[PDB]
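Observations on the model geometry
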Amino acid sequence: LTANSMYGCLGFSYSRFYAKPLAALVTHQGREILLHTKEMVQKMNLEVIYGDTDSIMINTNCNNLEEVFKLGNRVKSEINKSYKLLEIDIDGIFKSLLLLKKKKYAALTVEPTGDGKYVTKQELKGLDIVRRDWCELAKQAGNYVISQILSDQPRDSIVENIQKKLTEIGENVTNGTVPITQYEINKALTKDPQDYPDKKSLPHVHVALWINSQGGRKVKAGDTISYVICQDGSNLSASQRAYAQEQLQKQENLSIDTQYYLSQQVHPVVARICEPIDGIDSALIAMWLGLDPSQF
Amino acid sequence: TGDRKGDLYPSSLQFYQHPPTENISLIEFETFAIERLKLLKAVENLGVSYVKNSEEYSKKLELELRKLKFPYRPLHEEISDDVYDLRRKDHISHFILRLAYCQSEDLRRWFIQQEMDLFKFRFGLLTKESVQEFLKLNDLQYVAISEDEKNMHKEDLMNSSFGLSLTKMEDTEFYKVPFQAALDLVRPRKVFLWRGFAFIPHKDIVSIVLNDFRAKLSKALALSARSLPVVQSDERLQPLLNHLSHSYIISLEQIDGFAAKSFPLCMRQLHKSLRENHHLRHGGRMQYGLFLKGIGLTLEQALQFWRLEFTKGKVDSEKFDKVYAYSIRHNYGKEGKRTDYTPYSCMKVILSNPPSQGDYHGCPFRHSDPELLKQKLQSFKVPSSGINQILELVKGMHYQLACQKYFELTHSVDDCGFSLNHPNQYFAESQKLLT
DNA sequence: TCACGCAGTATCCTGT
RNA sequence: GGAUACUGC
Ligand code: SF4
Ligand SMILES: [Mg+2]
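So, how was this worked out
Residues numbered from 1 in each chain as written, not as in the entry; some residues may be left out. Chains lettered and ligands numbered in written order. Part of a larger assembly, values for the part shown. Heavy atoms only, no water. Helix = DSSP H or I, 4+ residues; strand = E, 2+ residues; numbered from the N terminus. Rg over C-alpha atoms; globule rule 2.2 N^0.38 Å. Buried < 20%, exposed > 50% of the residue type's maximum accessible area, 1.4 Å probe, protein only. Areas by Shrake-Rupley, 256 points an atom, 1.4 Å probe, with all protein chains shown as cover. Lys, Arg positive; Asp, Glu negative; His and termini not counted. Charge placed at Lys NZ, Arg CZ, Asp CG, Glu CD. Near = heavy atom within 4 Å. Polar contact = N/O pair within 3.5 Å; in protein donor to acceptor, adjacent residues only side chain to side chain. Nonpolar A, V, L, I, M, F, W, Y, C, P; charged D, E, K, R; others polar. Pairing = 2+ DSSP bridges. Axes fitted to C-alpha atoms, helices over the stretch in contact; angles between N-to-C directions. 1 Å grid on protein atoms, 1.4 Å probe; cavity = no way out; pocket = protein on both sides within 12 Å on 5 of 7 lines; lining within 4 Å. Points joined across faces, edges and corners; volume = space filled by probe spheres on them. Arc of directions from axis to C-beta. Contact = heavy atoms within 4.5 Å. Parallel < 35°, antiparallel > 145°, perpendicular 65-115°, else oblique. Left-handed = near helix turned anticlockwise from the far one by under 90°. Expected span 1.5 Å × (residues − 1). Sits in = over half its atoms within 2 Å of the grid points. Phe/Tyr/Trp six-rings, centres within 6.5 Å; stacked < 30°, edge-to-face > 60°.

The deposited coordinates, according to the entry record, derive from cryo-EM at 11.16 Å resolution.

1. Quick notes on the overall build of chain A
Across its full length, chain A holds 9 helices and 9 strands. Expected size for 296 residues packed as a compact globule is a radius of gyration near 19 Å; at 24 Å, chain A overshoots this value by more than 25%. Along the first, second and third principal axes, the C-alpha atoms of chain A reach 70 × 60 × 35 Å. Each of the 296 residues in chain A was classed as buried or not, and the buried ones make up 33%. Split by element, the accessible area of chain A, about 18800 Å² in all, is 49% carbon and sulfur. Side-chain charges in chain A split into 34 positive and 35 negative, and the spacing between the mean points of these groups amounts to 7 Å.

2. Let's talk about the overall build of chain B
The secondary structure content of chain B amounts to 23 helices and 3 strands. Relative to the globule expectation of 22 Å for 435 residues, the C-alpha radius of gyration of chain B, 35 Å, shows a markedly less compact shape. When its C-alpha atoms are laid out on the principal axes, chain B stretches across 105 × 60 × 40 Å. Within chain B, the proportion of its 435 residues that are buried is 40%. When the accessible area of chain B is evaluated, it comes to approximately 26100 Å², of which 51% is carbon and sulfur surface. For chain B, the distance from the average position of its 60 positive side-chain charges to the average position of its 55 negative side-chain charges is 7 Å.

3. Quick notes on the protein's contact with RNA strand D
Residue and element names in this part refer to chain A. Around RNA strand D sit 20 residues, and of these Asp52, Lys103, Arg131, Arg132 and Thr190 come closest. When atoms of RNA strand D within 4 Å of the protein are sorted by moiety, sugar and phosphate together comprise 74%. Separating a phosphate oxygen of RNA strand D from a side-chain N or O atom of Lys125 is a distance of 3.1 Å. Of the residues in the surface near RNA strand D, the class split is 5 nonpolar, 4 polar and 11 charged.

4. Quick notes on unusual backbone geometry
With a phi close to 55°, A:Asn61 is a non-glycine residue in the positive phi region. Within the fold, A:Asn61 resides in the loop between strand 2 (57-58) and helix 3 (65-80).

5. Considering the sheet that holds strand 5 (residues 117-125) of chain A
Residue and element names in this part refer to chain A. Across the sheet, which stays open at both edges, the 3 strands sit in the order 3-4-5 with antiparallel pairing between neighbours. Taken across any chain shown, the strands that pair with only one partner, and hence form the sheet edges, are strand 3 (94-101) and strand 5. Neighbour to neighbour, the strand axes of the sheet diverge by 15° on average, direction disregarded. In this sheet, strand 4 (residues 104-114) lies alongside strand 3 in antiparallel orientation, the contact comprising 5 bridges. Within the sheet, the bridge partner assigned to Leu98 lies in strand 4 and is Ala106.

6. Focus on empty space enclosed by the protein
Unfilled space is identified by rolling a water-sized probe across the atoms. Residues and elements named next belong to chain B. Computed from the structure, the largest cavity encloses a volume of approximately 140 Å³. In terms of lining residues, the largest cavity is bounded by 16 residues, among which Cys266, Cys346, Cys363, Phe365 and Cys403 are the most central. Put simply, the parts of the chain that give the lining of the largest cavity at least two residues each are helix 14 (265-277), helix 18 (346-351), helix 19 (364-367), helix 22 (399-410) and helix 23 (423-434). Split into classes, the residues belonging to the lining of the largest cavity amount to 14 nonpolar, 2 polar and no charged.

7. Details of helix 13 (residues 252-261) of chain B
Because an α-helix completes one turn every 3.6 residues, residues spaced three or four positions apart along the sequence face the same direction. All names here are of chain B. Inspection of helix 13 places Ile255, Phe258 and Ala259 among the buried residues, and these make up the whole buried set. One side of helix 13 carries all its buried residues, which in axial view fall inside an arc of 105°. Relative to its buried face, helix 13 has exposed residues pointing more than 90 degrees away, namely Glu253 and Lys261. Summarising the contacts, the buried residues of helix 13 are in contact with helix 14, helix 15 (282-295) and helix 23.

8. Comments concerning the packing of helix 3 (residues 81-100) of chain B against helix 10 (residues 205-226) of chain B
All names here are of chain B. Between helix 3 and helix 10, whose axes approach to 9 Å, the crossing angle comes to 55°. Between helix 3 and helix 10, the crossing angle belongs to the class labelled oblique. For the pair helix 3 and helix 10, the sense of crossing is right-handed. The residues of helix 10 that touch helix 3, namely those facing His94, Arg98 and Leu99, are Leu217, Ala220, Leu221 and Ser224. Looking at side-chain class alone, the contact of helix 3 with helix 10 contains 4 nonpolar, 2 polar and 1 charged residues.

9. Focus on helix 16 (residues 299-311) of chain B
Residues and elements named next belong to chain B. When the terminal C-alpha atoms of helix 16 are compared, their 18 Å separation across 13 residues agrees well with the 18 Å that a helix rising 1.5 Å per residue should span. Taken together, the buried positions of helix 16 are occupied by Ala302, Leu303, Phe305, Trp306, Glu309 and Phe310. End-on, the buried residues of helix 16 take up no more than an arc of 165°, which puts them together on one face. Exposed residues pointing more than 90 degrees away from the buried face of helix 16 are listed as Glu300 and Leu308.

10. Topic: the layout of surface pockets
All names here are of chain A. Each pocket or cavity is described by its volume, and for the second largest pocket that value is around 1900 Å³. If you list the elements that add at least two residues to the lining of the second largest pocket, you get helix 2 (20-43), strand 1 (48-50), strand 2, helix 3, strand 3, strand 4 and strand 5. For the lining of the second largest pocket, the leading source of residues is helix 3, giving 8 residues. Tallied by class, residues from the lining of the second largest pocket come to 25 nonpolar, 14 polar and 11 charged.

11. Side note on the site of ligand 1
All names here are of chain B. Neighbouring residues of ligand 1: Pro264, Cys266, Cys346, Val349, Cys363, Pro364, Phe365 and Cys403. When atoms are counted within 2 Å of each cavity's grid points, the one that captures over half of ligand 1 is the largest cavity. The set of elements that each furnish at least two residues to the shell around ligand 1 consists of helix 18 and helix 19. Taken together, the residues that form the shell around ligand 1 break down as 8 nonpolar, no polar and no charged.

12. Some remarks on the packing of aromatic side chains
Residue and element names in this part refer to chain B. Per the counting criterion, the structure on display carries 34 aromatic pairs over all chains. With centroids separated by 4.9 Å and ring planes inclined at 75°, the aromatic side chains of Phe263 and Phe291 adopt a geometry described as edge-to-face. With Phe263 in the loop between helix 13 and helix 14 and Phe291 in helix 15, this residue pair connects regions lying 28 residues apart in the sequence. Like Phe291, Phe263 is buried. Here the aromatic rings of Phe380 and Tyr406 are separated by 6.1 Å at their centres, their planes lie at 50°, and the arrangement is tilted. Residue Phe380 is located in the loop between helix 20 (370-379) and helix 21 (384-395), and its partner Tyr406 is located in helix 22; the two are separated by 26 residues in the primary sequence. The class for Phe380 is partly exposed, based on a relative accessible area of 30%. With a relative accessible area of 6%, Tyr406 lands in the buried category.

The structure is reproduced here in structure tokens:
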């Protein structure tokens, strides 16, 4: 991080060493480098499927780990042959990959133990499952789905299992068996609670305001707030029905809005994880959760 | 049983085992065929749209069955002539459709599916008594145990069925089924087995019945496909059977037309830009969406129009639903505060966000330079005197009066007769004058 | 008295 | 058009 900051300050408006030109140049060169590398890979008749400003993912189209490593070495050397101090290395061998969108993917990193054997470790980058603004329930669901998608089971069975799990979740919500702790959504405050002009539309801010109205320690900019979405008979939008967990445990008129959690927390995530998987589509997912498959 | 009836149609539901032997008319043939095609298509559509256990499915299917006059409910009265007629319909129509739906495997599958669905529904509407009657008439022999045998195994039956009370059990009658059919019940040990028979009380049974039905029906369809050459020679029935599967049983386009005459110059400019570039900045989007809401374009219609117009702008189809769908819904008061936002008033448009380079919203009379307004008016074939008068009014800062003069000149009316204070008022007046 | 850069995805709102 | 979040490098 220190080194990266030594770079980034070059383009920091309020820095003592503002040198925007230099930083621009740095970035430009980086882009050029990436381009060149991609070109070289394509000249080697390989396939390039992703790259984020310093990296390239190559589809080896092989199943012999040793051979893959050989290829690694080869291309590595080739690239290095063009540079003096720059170096490229194997940052990981993924047994399976689920590439959804730019900077959003999952894989099974292969850690070799020796004698040709290897262990597999699940790795996620950018998926909602690794984001704090989604209800833990949904996250867990997605994690399960990923564990099913990245395995080696026959696809049909995979799908079946997914369905089963989703139905289970549906029931667990309908009967209210899920622990309350799993219904919480966490969000941070960039400014103080008062500065926001949308005290109604923004849920977390609303919760913060309530906390500041209570008789405890106040919440200020940078302090994360956890809230739940409930039912009160107000007939307002979900964004206006946020409540602190304690409040839900206290008041006798508030109940968790099952519908919402099944409709805008689990279903979206799962759908986005199942978009490139054949046999699963939004409609189906909704059906498995007990939702109405009409408006989906 | 009026004139020529019999015991040929005991129960409403049937497995369609025995082909009809009657001599019917060509008109009756065609009517029955088309009617059952309508019924099966309704079944398919309702199955796609709704969950087959849903109450909406049941209500809509009952409505369709009543509309087409097919047997769907029992009657504990007797075999009334009308009822007989209905049953006869069902029996003949089914076989006619068999002749229609046996040529190709695809067709066969479709037919089978629809038939099964219908049968399931009808079974779901059968009272226990009627159900047993059916199970007897077809030699399915799913029990019914005697009272004496029931007393003989009273304790075993009591401990077999979950949550069955002594007296309530005395009020219930069981059925004897081979254990090969009660697999799902026997496997978790929720039904007593004695001498190879399970004693099943009065949801799953329909499944077994359906299985049998499906087997039979598939066999029948195969046989029918084997007996096709005999029917192809009957020209009368060839156009129908060979093609039954393909038998038939405000608008967006006119919006452009409206843009010729009724649209006020602001909406005309916005529409011209939209069709020129298939994209509008935010202000134009808001203004045009509110105006099209005002004219009457429904949420579905507006969504379709915007989707079609934007898709041509080299953007992903999913991107539209991701981004602009919420805005379109909000303009119609569907989300957020959920307020039926009214169309912009001329005062708002004049005093709303000031347009800049690359924008086309706002009132042209106010946001267009006099030379540009003169050129635009000339383009619309307005008489030179009218163009000069409009320019003079524009120089007077009374842009609403300028639009009134535009309306007077374009509609060939000496006086507008109304105080134009809303673009929707402009469109309404134009529609009143024209239509 | 303060505070690293940029690229990218997801959600939600527009009355007096 | 704007606003609120937090991932990636
Ligand atoms: S006066 Fe009103 S209706 Fe006429 S062009 Fe201007 S904004 Fe449109
Ligand atoms: Mg934009």
